[PDB]
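The data block below is input-v4.pdb; it holds PDB, C-alpha atoms and all ligand atoms.
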ATOM      1  CA  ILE K  24     -12.001 -83.415 -93.802  1.00  0.00           C
ATOM      2  CA  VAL K  25     -13.452 -86.807 -94.729  1.00  0.00           C
ATOM      3  CA  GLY K  26     -11.240 -89.903 -94.862  1.00  0.00           C
ATOM      4  CA  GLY K  27      -8.259 -88.036 -93.471  1.00  0.00           C
ATOM      5  CA  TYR K  28      -6.064 -88.417 -90.405  1.00  0.00           C
ATOM      6  CA  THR K  29      -5.207 -86.556 -87.201  1.00  0.00           C
ATOM      7  CA  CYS K  30      -2.513 -84.034 -88.197  1.00  0.00           C
ATOM      8  CA  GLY K  31      -0.884 -83.807 -84.792  1.00  0.00           C
ATOM      9  CA  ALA K  32      -0.792 -80.737 -82.534  1.00  0.00           C
ATOM     10  CA  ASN K  33       0.538 -77.700 -84.397  1.00  0.00           C
ATOM     11  CA  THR K  34       2.049 -79.758 -87.225  1.00  0.00           C
ATOM     12  CA  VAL K  35       0.278 -77.411 -89.640  1.00  0.00           C
ATOM     13  CA  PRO K  36       1.316 -74.143 -88.004  1.00  0.00           C
ATOM     14  CA  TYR K  37      -0.050 -71.924 -90.793  1.00  0.00           C
ATOM     15  CA  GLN K  38      -3.579 -73.295 -90.336  1.00  0.00           C
ATOM     16  CA  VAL K  39      -5.941 -70.850 -88.656  1.00  0.00           C
ATOM     17  CA  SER K  40      -9.565 -71.052 -87.530  1.00  0.00           C
ATOM     18  CA  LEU K  41     -11.952 -68.246 -88.468  1.00  0.00           C
ATOM     19  CA  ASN K  42     -14.248 -67.718 -85.504  1.00  0.00           C
ATOM     20  CA  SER K  43     -17.352 -65.708 -84.622  1.00  0.00           C
ATOM     21  CA  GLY K  44     -18.012 -67.537 -81.374  1.00  0.00           C
ATOM     22  CA  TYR K  45     -17.458 -70.949 -82.944  1.00  0.00           C
ATOM     23  CA  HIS K  46     -15.340 -72.090 -85.899  1.00  0.00           C
ATOM     24  CA  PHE K  47     -16.940 -71.327 -89.265  1.00  0.00           C
ATOM     25  CA  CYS K  48     -14.048 -71.375 -91.783  1.00  0.00           C
ATOM     26  CA  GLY K  49     -10.375 -72.168 -92.251  1.00  0.00           C
ATOM     27  CA  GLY K  50      -7.591 -69.849 -93.358  1.00  0.00           C
ATOM     28  CA  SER K  51      -3.842 -69.693 -93.949  1.00  0.00           C
ATOM     29  CA  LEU K  52      -1.324 -67.353 -92.323  1.00  0.00           C
ATOM     30  CA  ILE K  53       0.925 -65.942 -95.058  1.00  0.00           C
ATOM     31  CA  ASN K  54       2.793 -63.418 -92.920  1.00  0.00           C
ATOM     32  CA  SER K  55       2.602 -62.034 -89.380  1.00  0.00           C
ATOM     33  CA  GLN K  56      -0.333 -59.725 -90.139  1.00  0.00           C
ATOM     34  CA  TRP K  57      -2.230 -61.391 -92.999  1.00  0.00           C
ATOM     35  CA  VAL K  58      -4.435 -64.438 -93.538  1.00  0.00           C
ATOM     36  CA  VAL K  59      -5.714 -65.903 -96.823  1.00  0.00           C
ATOM     37  CA  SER K  60      -9.173 -67.485 -96.919  1.00  0.00           C
ATOM     38  CA  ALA K  61     -12.197 -67.948 -99.192  1.00  0.00           C
ATOM     39  CA  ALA K  62     -14.315 -64.964-100.239  1.00  0.00           C
ATOM     40  CA  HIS K  63     -17.504 -66.837 -99.358  1.00  0.00           C
ATOM     41  CA  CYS K  64     -16.197 -67.032 -95.786  1.00  0.00           C
ATOM     42  CA  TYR K  65     -16.718 -63.268 -95.456  1.00  0.00           C
ATOM     43  CA  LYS K  66     -18.594 -61.864 -92.487  1.00  0.00           C
ATOM     44  CA  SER K  67     -18.231 -59.023 -89.997  1.00  0.00           C
ATOM     45  CA  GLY K  68     -16.488 -59.336 -86.634  1.00  0.00           C
ATOM     46  CA  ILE K  69     -14.167 -62.218 -87.517  1.00  0.00           C
ATOM     47  CA  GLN K  70     -11.772 -63.471 -84.841  1.00  0.00           C
ATOM     48  CA  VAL K  71      -8.678 -65.307 -86.084  1.00  0.00           C
ATOM     49  CA  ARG K  72      -7.439 -68.223 -84.008  1.00  0.00           C
ATOM     50  CA  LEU K  73      -3.818 -69.223 -84.464  1.00  0.00           C
ATOM     51  CA  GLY K  74      -1.811 -72.052 -82.902  1.00  0.00           C
ATOM     52  CA  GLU K  75      -4.959 -74.150 -82.594  1.00  0.00           C
ATOM     53  CA  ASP K  76      -5.252 -77.923 -82.409  1.00  0.00           C
ATOM     54  CA  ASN K  77      -8.249 -78.936 -80.281  1.00  0.00           C
ATOM     55  CA  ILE K  78     -10.496 -75.941 -81.025  1.00  0.00           C
ATOM     56  CA  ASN K  79     -12.607 -76.632 -77.913  1.00  0.00           C
ATOM     57  CA  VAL K  80      -9.913 -76.751 -75.222  1.00  0.00           C
ATOM     58  CA  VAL K  81      -7.320 -74.112 -74.348  1.00  0.00           C
ATOM     59  CA  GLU K  82      -4.021 -75.969 -74.788  1.00  0.00           C
ATOM     60  CA  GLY K  83      -1.717 -72.994 -74.329  1.00  0.00           C
ATOM     61  CA  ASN K  84      -0.303 -72.348 -77.780  1.00  0.00           C
ATOM     62  CA  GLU K  85      -3.223 -70.265 -79.092  1.00  0.00           C
ATOM     63  CA  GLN K  86      -3.384 -66.623 -80.117  1.00  0.00           C
ATOM     64  CA  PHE K  87      -6.752 -64.895 -80.466  1.00  0.00           C
ATOM     65  CA  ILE K  88      -6.570 -61.873 -82.764  1.00  0.00           C
ATOM     66  CA  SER K  89      -9.447 -59.845 -84.169  1.00  0.00           C
ATOM     67  CA  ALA K  90      -9.560 -59.099 -87.885  1.00  0.00           C
ATOM     68  CA  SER K  91      -9.088 -55.389 -88.532  1.00  0.00           C
ATOM     69  CA  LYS K  92      -9.732 -55.742 -92.267  1.00  0.00           C
ATOM     70  CA  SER K  93     -11.510 -58.424 -94.311  1.00  0.00           C
ATOM     71  CA  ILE K  94     -10.920 -57.832 -98.009  1.00  0.00           C
ATOM     72  CA  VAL K  95     -12.842 -59.932-100.524  1.00  0.00           C
ATOM     73  CA  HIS K  96     -11.396 -60.051-104.041  1.00  0.00           C
ATOM     74  CA  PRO K  97     -13.125 -57.218-105.919  1.00  0.00           C
ATOM     75  CA  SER K  98     -13.888 -59.519-108.870  1.00  0.00           C
ATOM     76  CA  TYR K  99     -15.363 -62.314-106.737  1.00  0.00           C
ATOM     77  CA  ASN K 100     -18.276 -63.855-108.620  1.00  0.00           C
ATOM     78  CA  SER K 101     -20.794 -65.500-106.302  1.00  0.00           C
ATOM     79  CA  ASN K 102     -22.467 -67.062-109.352  1.00  0.00           C
ATOM     80  CA  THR K 103     -19.480 -68.937-110.787  1.00  0.00           C
ATOM     81  CA  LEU K 104     -17.330 -68.906-107.623  1.00  0.00           C
ATOM     82  CA  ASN K 105     -14.547 -67.356-109.694  1.00  0.00           C
ATOM     83  CA  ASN K 106     -11.981 -65.387-107.667  1.00  0.00           C
ATOM     84  CA  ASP K 107     -13.063 -67.061-104.437  1.00  0.00           C
ATOM     85  CA  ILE K 108     -10.307 -65.558-102.281  1.00  0.00           C
ATOM     86  CA  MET K 109     -10.257 -63.136 -99.334  1.00  0.00           C
ATOM     87  CA  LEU K 110      -7.477 -61.418 -97.401  1.00  0.00           C
ATOM     88  CA  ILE K 111      -7.813 -60.812 -93.673  1.00  0.00           C
ATOM     89  CA  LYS K 112      -5.590 -58.310 -91.866  1.00  0.00           C
ATOM     90  CA  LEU K 113      -4.946 -58.939 -88.174  1.00  0.00           C
ATOM     91  CA  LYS K 114      -5.456 -56.124 -85.659  1.00  0.00           C
ATOM     92  CA  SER K 115      -1.995 -56.940 -84.347  1.00  0.00           C
ATOM     93  CA  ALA K 116       0.916 -58.976 -85.694  1.00  0.00           C
ATOM     94  CA  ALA K 117       0.853 -62.603 -84.583  1.00  0.00           C
ATOM     95  CA  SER K 118       3.813 -63.887 -82.588  1.00  0.00           C
ATOM     96  CA  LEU K 119       5.523 -66.249 -85.017  1.00  0.00           C
ATOM     97  CA  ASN K 120       7.074 -69.378 -83.515  1.00  0.00           C
ATOM     98  CA  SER K 121       7.414 -73.119 -84.138  1.00  0.00           C
ATOM     99  CA  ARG K 122       3.666 -73.589 -83.641  1.00  0.00           C
ATOM    100  CA  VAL K 123       2.442 -70.393 -85.319  1.00  0.00           C
ATOM    101  CA  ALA K 124       4.118 -69.855 -88.675  1.00  0.00           C
ATOM    102  CA  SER K 125       3.448 -68.372 -92.093  1.00  0.00           C
ATOM    103  CA  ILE K 126       3.183 -70.375 -95.315  1.00  0.00           C
ATOM    104  CA  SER K 127       4.966 -69.168 -98.471  1.00  0.00           C
ATOM    105  CA  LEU K 128       3.105 -67.848-101.509  1.00  0.00           C
ATOM    106  CA  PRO K 129       3.893 -69.816-104.671  1.00  0.00           C
ATOM    107  CA  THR K 130       6.269 -68.427-107.292  1.00  0.00           C
ATOM    108  CA  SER K 131       4.808 -70.735-109.930  1.00  0.00           C
ATOM    109  CA  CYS K 132       1.702 -72.880-110.307  1.00  0.00           C
ATOM    110  CA  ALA K 133       1.732 -76.549-109.295  1.00  0.00           C
ATOM    111  CA  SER K 134       1.320 -79.416-111.754  1.00  0.00           C
ATOM    112  CA  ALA K 135      -1.215 -82.228-111.980  1.00  0.00           C
ATOM    113  CA  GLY K 136      -0.033 -85.284-110.052  1.00  0.00           C
ATOM    114  CA  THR K 137       1.540 -83.215-107.293  1.00  0.00           C
ATOM    115  CA  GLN K 138       0.553 -84.463-103.837  1.00  0.00           C
ATOM    116  CA  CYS K 139      -0.629 -81.753-101.460  1.00  0.00           C
ATOM    117  CA  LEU K 140      -1.708 -81.443 -97.828  1.00  0.00           C
ATOM    118  CA  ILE K 141      -5.263 -80.293 -97.149  1.00  0.00           C
ATOM    119  CA  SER K 142      -6.441 -79.583 -93.603  1.00  0.00           C
ATOM    120  CA  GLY K 143      -9.312 -78.286 -91.487  1.00  0.00           C
ATOM    121  CA  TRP K 144     -11.805 -78.752 -88.643  1.00  0.00           C
ATOM    122  CA  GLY K 145     -14.682 -79.439 -91.010  1.00  0.00           C
ATOM    123  CA  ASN K 146     -17.079 -82.370 -91.270  1.00  0.00           C
ATOM    124  CA  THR K 147     -15.488 -85.820 -91.174  1.00  0.00           C
ATOM    125  CA  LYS K 148     -18.473 -87.670 -92.706  1.00  0.00           C
ATOM    126  CA  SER K 149     -19.828 -87.621 -96.269  1.00  0.00           C
ATOM    127  CA  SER K 150     -23.363 -88.278 -95.022  1.00  0.00           C
ATOM    128  CA  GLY K 151     -24.369 -86.956 -91.630  1.00  0.00           C
ATOM    129  CA  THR K 152     -22.466 -84.563 -89.386  1.00  0.00           C
ATOM    130  CA  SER K 153     -19.435 -85.024 -87.154  1.00  0.00           C
ATOM    131  CA  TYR K 154     -17.246 -82.184 -85.887  1.00  0.00           C
ATOM    132  CA  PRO K 155     -13.652 -82.969 -84.835  1.00  0.00           C
ATOM    133  CA  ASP K 156     -11.951 -81.427 -81.809  1.00  0.00           C
ATOM    134  CA  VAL K 157      -8.497 -81.562 -83.348  1.00  0.00           C
ATOM    135  CA  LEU K 158      -7.132 -80.647 -86.761  1.00  0.00           C
ATOM    136  CA  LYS K 159      -7.511 -83.282 -89.481  1.00  0.00           C
ATOM    137  CA  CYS K 160      -5.273 -83.737 -92.518  1.00  0.00           C
ATOM    138  CA  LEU K 161      -5.515 -85.218 -95.978  1.00  0.00           C
ATOM    139  CA  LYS K 162      -2.936 -86.023 -98.633  1.00  0.00           C
ATOM    140  CA  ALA K 163      -4.362 -85.445-102.103  1.00  0.00           C
ATOM    141  CA  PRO K 164      -3.004 -85.128-105.633  1.00  0.00           C
ATOM    142  CA  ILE K 165      -3.891 -82.280-107.965  1.00  0.00           C
ATOM    143  CA  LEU K 166      -5.990 -83.594-110.849  1.00  0.00           C
ATOM    144  CA  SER K 167      -5.518 -82.830-114.535  1.00  0.00           C
ATOM    145  CA  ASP K 168      -7.484 -79.874-115.888  1.00  0.00           C
ATOM    146  CA  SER K 169      -9.277 -82.318-118.200  1.00  0.00           C
ATOM    147  CA  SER K 170     -10.454 -84.652-115.433  1.00  0.00           C
ATOM    148  CA  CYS K 171     -11.550 -81.607-113.411  1.00  0.00           C
ATOM    149  CA  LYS K 172     -13.621 -80.196-116.263  1.00  0.00           C
ATOM    150  CA  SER K 173     -15.061 -83.657-116.882  1.00  0.00           C
ATOM    151  CA  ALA K 174     -16.168 -83.796-113.258  1.00  0.00           C
ATOM    152  CA  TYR K 175     -17.796 -80.352-113.427  1.00  0.00           C
ATOM    153  CA  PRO K 176     -18.607 -79.614-117.082  1.00  0.00           C
ATOM    154  CA  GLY K 177     -18.812 -75.903-117.821  1.00  0.00           C
ATOM    155  CA  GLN K 178     -18.167 -74.869-114.207  1.00  0.00           C
ATOM    156  CA  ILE K 179     -14.370 -74.814-113.825  1.00  0.00           C
ATOM    157  CA  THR K 180     -12.616 -71.478-114.397  1.00  0.00           C
ATOM    158  CA  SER K 181      -8.920 -70.903-115.120  1.00  0.00           C
ATOM    159  CA  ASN K 182      -8.644 -69.871-111.456  1.00  0.00           C
ATOM    160  CA  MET K 183      -9.659 -73.263-110.082  1.00  0.00           C
ATOM    161  CA  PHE K 184      -8.226 -76.740-109.823  1.00  0.00           C
ATOM    162  CA  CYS K 185      -9.465 -80.131-108.657  1.00  0.00           C
ATOM    163  CA  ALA K 186      -7.627 -82.203-106.078  1.00  0.00           C
ATOM    164  CA  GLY K 187      -8.548 -85.436-104.399  1.00  0.00           C
ATOM    165  CA  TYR K 188      -9.952 -88.742-105.542  1.00  0.00           C
ATOM    166  CA  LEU K 189     -12.453 -89.598-108.253  1.00  0.00           C
ATOM    167  CA  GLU K 190     -13.406 -92.731-106.308  1.00  0.00           C
ATOM    168  CA  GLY K 191     -14.647 -90.589-103.416  1.00  0.00           C
ATOM    169  CA  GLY K 192     -14.183 -91.360 -99.725  1.00  0.00           C
ATOM    170  CA  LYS K 193     -11.478 -88.733 -99.221  1.00  0.00           C
ATOM    171  CA  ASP K 194     -12.122 -85.016 -99.580  1.00  0.00           C
ATOM    172  CA  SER K 195     -12.423 -81.715 -97.784  1.00  0.00           C
ATOM    173  CA  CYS K 196     -15.950 -81.001 -96.545  1.00  0.00           C
ATOM    174  CA  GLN K 197     -18.260 -78.358 -95.037  1.00  0.00           C
ATOM    175  CA  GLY K 198     -16.416 -76.456 -92.324  1.00  0.00           C
ATOM    176  CA  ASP K 199     -13.135 -76.695 -94.269  1.00  0.00           C
ATOM    177  CA  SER K 200     -13.779 -73.677 -96.558  1.00  0.00           C
ATOM    178  CA  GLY K 201     -10.990 -71.109 -96.690  1.00  0.00           C
ATOM    179  CA  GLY K 202      -8.414 -73.626 -95.491  1.00  0.00           C
ATOM    180  CA  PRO K 203      -5.048 -74.482 -97.078  1.00  0.00           C
ATOM    181  CA  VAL K 204      -3.928 -76.700 -99.899  1.00  0.00           C
ATOM    182  CA  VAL K 205      -0.145 -76.805 -99.512  1.00  0.00           C
ATOM    183  CA  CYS K 206       2.109 -78.368-102.153  1.00  0.00           C
ATOM    184  CA  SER K 207       5.883 -78.677-101.757  1.00  0.00           C
ATOM    185  CA  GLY K 208       5.937 -75.897 -99.164  1.00  0.00           C
ATOM    186  CA  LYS K 209       3.729 -73.486-101.103  1.00  0.00           C
ATOM    187  CA  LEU K 210       0.145 -72.400-100.529  1.00  0.00           C
ATOM    188  CA  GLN K 211      -1.339 -73.416-103.890  1.00  0.00           C
ATOM    189  CA  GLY K 212      -5.020 -73.763-103.002  1.00  0.00           C
ATOM    190  CA  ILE K 213      -7.942 -72.561-100.908  1.00  0.00           C
ATOM    191  CA  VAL K 214     -10.767 -74.928 -99.930  1.00  0.00           C
ATOM    192  CA  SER K 215     -13.706 -73.669-101.971  1.00  0.00           C
ATOM    193  CA  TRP K 216     -16.382 -76.024-103.256  1.00  0.00           C
ATOM    194  CA  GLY K 217     -17.526 -79.309-104.739  1.00  0.00           C
ATOM    195  CA  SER K 218     -20.661 -81.394-105.061  1.00  0.00           C
ATOM    196  CA  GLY K 219     -21.226 -82.734-101.550  1.00  0.00           C
ATOM    197  CA  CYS K 220     -18.171 -84.321 -99.877  1.00  0.00           C
ATOM    198  CA  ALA K 221     -16.154 -87.350-100.934  1.00  0.00           C
ATOM    199  CA  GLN K 222     -18.701 -88.279-103.589  1.00  0.00           C
ATOM    200  CA  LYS K 223     -17.666 -90.382-106.576  1.00  0.00           C
ATOM    201  CA  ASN K 224     -16.506 -88.323-109.578  1.00  0.00           C
ATOM    202  CA  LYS K 225     -16.910 -85.117-107.572  1.00  0.00           C
ATOM    203  CA  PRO K 226     -13.488 -84.166-106.160  1.00  0.00           C
ATOM    204  CA  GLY K 227     -12.876 -80.932-104.281  1.00  0.00           C
ATOM    205  CA  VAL K 228     -12.515 -77.707-106.247  1.00  0.00           C
ATOM    206  CA  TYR K 229      -9.960 -75.203-105.008  1.00  0.00           C
ATOM    207  CA  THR K 230      -9.061 -71.572-105.660  1.00  0.00           C
ATOM    208  CA  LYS K 231      -5.840 -71.467-107.681  1.00  0.00           C
ATOM    209  CA  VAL K 232      -3.661 -69.259-105.455  1.00  0.00           C
ATOM    210  CA  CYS K 233      -0.791 -68.821-107.951  1.00  0.00           C
ATOM    211  CA  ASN K 234      -3.055 -66.614-110.084  1.00  0.00           C
ATOM    212  CA  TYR K 235      -3.589 -64.148-107.228  1.00  0.00           C
ATOM    213  CA  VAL K 236      -0.039 -63.409-106.086  1.00  0.00           C
ATOM    214  CA  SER K 237      -0.033 -59.885-107.531  1.00  0.00           C
ATOM    215  CA  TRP K 238      -3.392 -58.969-106.027  1.00  0.00           C
ATOM    216  CA  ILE K 239      -2.250 -60.342-102.679  1.00  0.00           C
ATOM    217  CA  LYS K 240       0.994 -58.364-102.794  1.00  0.00           C
ATOM    218  CA  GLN K 241      -0.702 -55.122-103.883  1.00  0.00           C
ATOM    219  CA  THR K 242      -3.405 -55.477-101.226  1.00  0.00           C
ATOM    220  CA  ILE K 243      -0.868 -56.022 -98.439  1.00  0.00           C
ATOM    221  CA  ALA K 244       1.324 -53.155 -99.666  1.00  0.00           C
ATOM    222  CA  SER K 245      -1.645 -50.775 -99.691  1.00  0.00           C
ATOM    223  CA  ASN K 246      -3.327 -51.770 -96.420  1.00  0.00           C
TER
ATOM    224  CA  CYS C   4     -30.134 -64.580 -85.414  1.00  0.00           C
ATOM    225  CA  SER C   5     -28.992 -65.157 -89.022  1.00  0.00           C
ATOM    226  CA  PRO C   6     -31.193 -65.397 -92.160  1.00  0.00           C
ATOM    227  CA  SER C   7     -31.530 -68.541 -94.281  1.00  0.00           C
ATOM    228  CA  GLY C   8     -28.485 -69.038 -96.498  1.00  0.00           C
ATOM    229  CA  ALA C   9     -26.160 -66.986 -94.295  1.00  0.00           C
ATOM    230  CA  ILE C  10     -22.913 -68.541 -93.114  1.00  0.00           C
ATOM    231  CA  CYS C  11     -23.121 -70.304 -89.739  1.00  0.00           C
ATOM    232  CA  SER C  12     -20.977 -72.463 -87.448  1.00  0.00           C
ATOM    233  CA  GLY C  13     -21.605 -76.195 -87.735  1.00  0.00           C
ATOM    234  CA  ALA C  14     -20.839 -76.910 -84.077  1.00  0.00           C
ATOM    235  CA  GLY C  15     -22.545 -73.737 -82.915  1.00  0.00           C
ATOM    236  CA  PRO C  16     -25.934 -73.548 -81.185  1.00  0.00           C
ATOM    237  CA  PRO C  17     -28.820 -74.085 -83.652  1.00  0.00           C
ATOM    238  CA  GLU C  18     -30.360 -70.837 -82.393  1.00  0.00           C
ATOM    239  CA  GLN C  19     -27.632 -68.953 -84.277  1.00  0.00           C
ATOM    240  CA  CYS C  20     -30.012 -69.318 -87.226  1.00  0.00           C
ATOM    241  CA  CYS C  21     -33.554 -67.901 -87.083  1.00  0.00           C
ATOM    242  CA  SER C  22     -34.746 -71.154 -88.658  1.00  0.00           C
ATOM    243  CA  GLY C  23     -33.193 -73.039 -85.748  1.00  0.00           C
ATOM    244  CA  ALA C  24     -30.967 -75.114 -88.036  1.00  0.00           C
ATOM    245  CA  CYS C  25     -27.366 -74.783 -89.260  1.00  0.00           C
ATOM    246  CA  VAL C  26     -26.822 -77.171 -92.158  1.00  0.00           C
ATOM    247  CA  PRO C  27     -24.150 -78.093 -94.737  1.00  0.00           C
ATOM    248  CA  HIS C  28     -24.230 -76.059 -97.927  1.00  0.00           C
ATOM    249  CA  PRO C  29     -24.596 -78.451-100.883  1.00  0.00           C
ATOM    250  CA  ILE C  30     -21.856 -76.731-102.917  1.00  0.00           C
ATOM    251  CA  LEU C  31     -19.777 -74.350-100.771  1.00  0.00           C
ATOM    252  CA  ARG C  32     -17.687 -76.006 -98.047  1.00  0.00           C
ATOM    253  CA  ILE C  33     -19.332 -73.979 -95.285  1.00  0.00           C
ATOM    254  CA  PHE C  34     -22.408 -74.401 -93.126  1.00  0.00           C
ATOM    255  CA  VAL C  35     -25.327 -72.029 -93.755  1.00  0.00           C
ATOM    256  CA  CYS C  36     -28.631 -71.314 -92.004  1.00  0.00           C
ATOM    257  CA  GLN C  37     -31.575 -73.404 -93.170  1.00  0.00           C
TER
HETATM  258 CA    CA K 301      -7.333 -74.718 -78.457  1.00  0.00          CA
END
Reformat the file's structure so that it appears as structure tokens.
Amino acid sequence: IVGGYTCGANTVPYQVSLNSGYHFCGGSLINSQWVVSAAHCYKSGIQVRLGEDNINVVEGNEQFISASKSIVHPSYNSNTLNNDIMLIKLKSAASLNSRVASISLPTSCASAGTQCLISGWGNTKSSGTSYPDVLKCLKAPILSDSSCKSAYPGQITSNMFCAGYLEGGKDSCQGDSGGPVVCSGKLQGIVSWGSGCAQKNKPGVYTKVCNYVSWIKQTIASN
Amino acid sequence: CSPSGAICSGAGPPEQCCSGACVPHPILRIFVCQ
């Protein structure tokens, strides 16, 4: 997260870290046994880390649970980044509490202008590299479909939306992939892509979660 | 070690990639091996 702020320990209790030794992606807990992330975050042997703040120091609220299943959307297109969503099943149900909690799936899509909360342990600089210990947060509005398509002509599918700032300086960044975009209590987005980080006229592009509710439900029900 | 282009951990050891470098992807919001 570039140009964001320190969330505060466990203030985003649905935020998880995808780990294979070290953090490599974000994700969102949507119930006690399932995590939503980006399809391009797929790899074998994922460990899910819940209740995390400082990802380098055991602070006592963590849970470390291996993924038993990592299910990429079967229509994921690595060329267009369409359907960039993945579902991870936990080997065991996480213990839900005030610091480890699920985020609701949306019942309807969000509108342009709606302010959302984006979070992650990704890069905090738009040029260079700087990895935070603790979770960083960013308030960002959803942009109009027109301004999104103007930013990325011919590259935005109906399953994507832009959020952030056309002036740059504030954005999600590398290391944030798979993480949450939460709007009015609903998981509406998944950190996916963009052109660099916090660059002018290149806001973040996010997987539009509201278009995947049925696939998510079916997948959970059948796994 | 991981091939070029494969997902890697930004704050991990550079030896996680055969190339010895884990770098930002230009488009995806992950790090990948150089
Ligand atoms: Ca920790």
In Å, rounded to a single decimal, give me how far atom CA of residue K:50 is from atom CA of residue K:109.
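Result for atom CA of residue K:109 versus atom CA of residue K:50: 9.4 Å, one decimal.
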Which residue, K:136, K:26, K:151, K:192, has the smallest gap to chain C when you use only C-alpha atoms?
K:151
Starting from chain C, keep only residues with some atom at most 10 Å from an atom of chain K, counting all atoms listed in the file, and report them as a ChimeraX atom specification.
/C:9-16,26-35
Name the residues, by chain letter and number, that sit within 7 Å of ligand CA 301 (chain K) using all atoms listed in the file, and give them as a ChimeraX atom specification.
/K:75-82,85
Going by the chain IDs and residue numbers used in this file, which residues fall under the PyMOL selection byres (((chain K and resi 31) around 9) and not hetatm)? Write them as a ChimeraX atom specification.
/K:28-30,32-35,76,157-160
Write the residues you've just listed into a file as a compact mmCIF listing (two decimals), keeping the file's coordinate frame, and include C-alpha atoms for each of them.
# COMPACT_ATOMS: atom_id res chain seq x y z
CA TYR K 28 -6.06 -88.42 -90.40
CA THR K 29 -5.21 -86.56 -87.20
CA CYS K 30 -2.51 -84.03 -88.20
CA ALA K 32 -0.79 -80.74 -82.53
CA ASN K 33 0.54 -77.70 -84.40
CA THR K 34 2.05 -79.76 -87.22
CA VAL K 35 0.28 -77.41 -89.64
CA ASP K 76 -5.25 -77.92 -82.41
CA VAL K 157 -8.50 -81.56 -83.35
CA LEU K 158 -7.13 -80.65 -86.76
CA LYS K 159 -7.51 -83.28 -89.48
CA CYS K 160 -5.27 -83.74 -92.52
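Here the question is which of K:130, K:38, K:101, K:60 gets nearest to residue K:237 using all atoms listed in the file, and that residue is K:130.
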Tell me which of K:147, K:134, K:55, K:84 sits closest to residue K:113, counting all atoms listed in the file.
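So, comparing all the options, the nearest one is K:55.
Across the structure, atom CA of residue K:209 and atom CA of residue K:129 are spaced 5.1 Å apart.
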